[PDB]
Protein chains: 10
Amino acid sequence: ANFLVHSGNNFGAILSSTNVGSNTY
Amino acid sequence: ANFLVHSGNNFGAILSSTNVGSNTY
Amino acid sequence: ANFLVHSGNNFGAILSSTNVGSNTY
Amino acid sequence: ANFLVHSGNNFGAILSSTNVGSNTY
Amino acid sequence: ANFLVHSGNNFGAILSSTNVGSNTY
Amino acid sequence: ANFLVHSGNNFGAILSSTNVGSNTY
Amino acid sequence: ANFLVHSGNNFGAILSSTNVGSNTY
Amino acid sequence: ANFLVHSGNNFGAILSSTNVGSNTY
Amino acid sequence: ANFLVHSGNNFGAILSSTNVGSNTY
Amino acid sequence: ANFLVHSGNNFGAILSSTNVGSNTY
């Protein structure tokens, strides 16, 4: 089993970016 | 089994970006 | 079994972006 | 079995974007 | 079993970046 | 005499803002 | 005499801001 | 006489800011 | 006479800032 | 007479700053 948890992350500004704040499997 | 959890993430502004705040499998 | 959960995510503004705040399988 | 859950996501403004806030299979 | 936990991370500004604030498997 | 000229300005997305792209006197 | 000229300015995304791209007198 | 000229400025993303890309007198 | 000229300035991302890319008099 | 010229300046990311890339008089 694989568990991925993402919580309470604040991102100000994202430009021309990939795989940011994501659960990539 | 694979578990992906995404919660409570604040994103200010996103421009020309890919796979942001997503559960990609 | 695969479980993907998406909850309580606030997105300010999205421009010319792909796969944002999505459950991609 | 595949389970995809999408809830309580607030999107401010979306322009020229693809696959945003969607359950893509 | 693999457990990945992401919480309470503040990101000011992200430009032309990859795999930032993400659980990559 | 006061001259104010506003031309050819492209605005992507505006949220909770005041006095944007305006000639304020 | 006061001359203010505003032309050809591209703004991606504006959030919770004041006096942006404006001729304020 | 006072001359203020604003041209060809590209702004990616603006958050919680004041007097950005403006001719303030 | 006072001449202020602003041209061809690229700004990536601006957060919680004042008097950025402006002709302040 | 006072002449101020601003051209071709690239700014990556600005946070909590004052009087950046501006013609202040």
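Note on numbering: residues are counted from 1 along each chain in the order of its written sequence, which can differ from the entry, and residues with no coordinates are hidden. Here the convention is simple: chains get letters from A, ligands get numbers from 1, in the order in which they are written. With hydrogens and water excluded, all non-hydrogen atoms of the structure serve as input to the side-chain values.

This deposited entry lists cryo-EM as its structure determination method and 3.1 Å as its resolution.

Engineer: Please explain the side chain of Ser22 of chain H as it appears in this structure.
Structural biologist: Along the chain, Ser22 of chain H turns up in the loop between β4 (18–20) and β5 (23–24). Under this definition, polar contacts are N or O atom pairs within 3.5 Å; protein pairs additionally need one hydrogen-donor-capable and one acceptor-capable atom, and for neighbouring residues in sequence, both atoms have to be side-chain atoms. At 3.1 Å, the side chain of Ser22 of chain H forms a polar contact with the backbone oxygen of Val20 of chain H. In this analysis, two residues are considered to be in contact whenever any of their non-hydrogen atoms come within 4.5 Å of each other. Residues within four places of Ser22 of chain H in sequence aside, it is in contact with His6, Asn19, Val20, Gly21 and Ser22 of chain G, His6 of chain H together with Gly21, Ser22 and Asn23 of chain I. Going along the chain from the N terminus, every DSSP run of H or I of four or more residues is numbered as a helix, and every run of E of two or more is numbered as a strand.

Engineer: How should the interface of chain B and chain C be read in this particular structure?
Structural biologist: Buried accessible area, meaning the area lost when the parts come together, often serves as the stated size of an interface. Across the boundary between the two partners, chain B contributes 25 residues, which contact 25 residues of chain C. Between chain B and chain C, roughly 1900 Å² of surface is buried when both sides are summed, and carbon and sulfur atoms account for 42% of that area. Computed with a 1.4 Å rolling probe, the buried area is the accessible surface lost when two parts are put together, summed over both parts. The largest contributions to the chain B side of the interface with chain C come from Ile14, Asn23 and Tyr25 of chain B, which together make up 27% of the buried area. Think of a salt bridge as a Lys or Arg side-chain nitrogen and an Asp or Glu carboxyl oxygen that are within 4 Å of each other. Where chain B meets chain C, there are zero salt bridges. Here chain B is connected to chain C by 33 residue pairs in polar contact.

Engineer: Looking at this model, I keep getting lost on the packing of aromatic side chains. Mind explaining?
Structural biologist: Pairs of aromatic rings are described using the distance from one ring centre to the other and the angle between the two planes. Aromatic rings from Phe, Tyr and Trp, taking only the six-membered ring of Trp, are treated as a pair when their centres fall within 6.5 Å; an angle between ring planes under 30 degrees marks them as stacked, one over 60 as edge-to-face, and anything in between as tilted. Enumeration over the complete set of coordinates arrives at 24 aromatic pairs over all chains. Taking 5.0 Å as the distance between ring centres and 0° as the angle between the ring planes, the aromatic pair formed by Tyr25 of chain A and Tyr25 of chain B counts as stacked. Of this pair, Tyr25 of chain A sits in the segment after β5 (23–24) while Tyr25 of chain B sits in the segment after β5 (23–24), placing the two residues on different chains. Owing to a relative accessible area of 30%, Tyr25 of chain A belongs among the partly exposed residues under this scheme. Only protein chains enter the area calculation, which uses a 1.4 Å probe; residues under 20% of their type maximum are buried, those over 50% are exposed, and those in between are partly exposed.

Engineer: What exactly am I supposed to notice about the sheet that holds strand β3 (residues 14–15) of chain E here?
Structural biologist: Where strands meet in a sheet, backbone hydrogen bonds hold them as pairs that are either parallel or antiparallel. At least two DSSP bridges between two strands are required for those strands to pair. The five strands are arranged β3(D)-β3(C)-β3(B)-β3(A)-β3(E) in an open sheet whose pairing can be described as parallel. Edge positions in the sheet fall to β3 (14–15) of chain D together with β3 of chain E, since each has one partner strand and no second. Looking at chain direction, strand β3 (residues 14–15) of chain B and strand β3 (residues 14–15) of chain C are connected through two bridges and run parallel. Looking at the pairing, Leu15 of chain B lines up with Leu15 of chain C of β3 of chain C.

Engineer: Looking at this structure, how should I read the interface of chain F and chain G?
Structural biologist: Chain F puts 25 residues into the contact, and the matching count from chain G is 25 residues. Summed over both partners, the interface of chain F with chain G comes to about 1900 Å²; 43% of that surface belongs to carbon and sulfur atoms. Considering only the side of chain F, the residues that lose the most area to chain G are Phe3, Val5 and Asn19 of chain F, jointly responsible for 22% of the buried surface there. Remark: the boundary between chain F and chain G carries zero salt bridges. For the interface between chain F and chain G, the tally reads 33 residue pairs in polar contact. Elements that contribute at least two residues to the side of chain F that touches chain G include exactly β1 (2–7), β2 (10–11), β3 (14–15), β4 (18–20) and β5 (23–24) of chain F. At six residues, β1 of chain F tops the list of elements feeding residues into the side of chain F that touches chain G. Classifying every residue of the side of chain F that touches chain G by side-chain character gives 10 nonpolar, 15 polar and no charged. The pairing of β4 of chain F with strand β4 (residues 18–20) of chain G spans two bridges and is classified as parallel. Bridge pairing in β4 of chain G places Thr18 of chain F opposite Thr18 of chain G. Basically, the charged four are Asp, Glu, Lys and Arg, the nonpolar ten are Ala, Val, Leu, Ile, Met, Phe, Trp, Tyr, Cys and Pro, and anything else, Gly included, counts as polar.

Engineer: Looking at this structure, I do not really get the pairing of strand β1 (residues 2–7) of chain C. What am I missing?
Structural biologist: On a regular strand, one side chain projects to one face of the sheet and the next to the other, so that they alternate. The side-chain alternation of β1 of chain C yields one buried face, formed by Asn2, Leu4 and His6 of chain C, and one unburied face, formed by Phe3, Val5 and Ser7 of chain C. In this structure, strand β1 (residues 2–7) of chain B lies alongside β1 of chain C, joined through six bridges in parallel fashion. The partner of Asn2 of chain B across the bridge, within β1 of chain C, is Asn2 of chain C.

Engineer: Would you explain the nonpolar core in this entry?
Structural biologist: Within soluble globular proteins, side chains that are nonpolar generally end up buried alongside one another. Among buried residues, the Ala, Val, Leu, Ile, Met, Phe, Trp, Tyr and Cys ones that are joined through side-chain atoms within 4.5 Å form a nonpolar core. In this structure, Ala13 of chain A, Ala13 and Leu15 of chain B, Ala13 of chain G together with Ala13 and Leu15 of chain H are the most contacted members of the largest nonpolar core, which totals 13 residues. Discounting residues that sit within four places of it in the chain, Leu15 of chain H has contacts with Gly12 and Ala13 of chain A, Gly12 and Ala13 of chain B, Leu15 and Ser17 of chain G together with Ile14, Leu15 and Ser16 of chain I.

Engineer: It is not clear to me how the sheet that holds strand β3 (residues 14–15) of chain G should be interpreted in this structure. Could you clarify?
Structural biologist: Taken in spatial order, the five strands make up an open sheet running β3(F)-β3(G)-β3(H)-β3(I)-β3(J), and their pairing is parallel. Both outer strands of the open sheet, β3 of chain F together with β3 (14–15) of chain J, are each paired with one neighbouring strand and no more.

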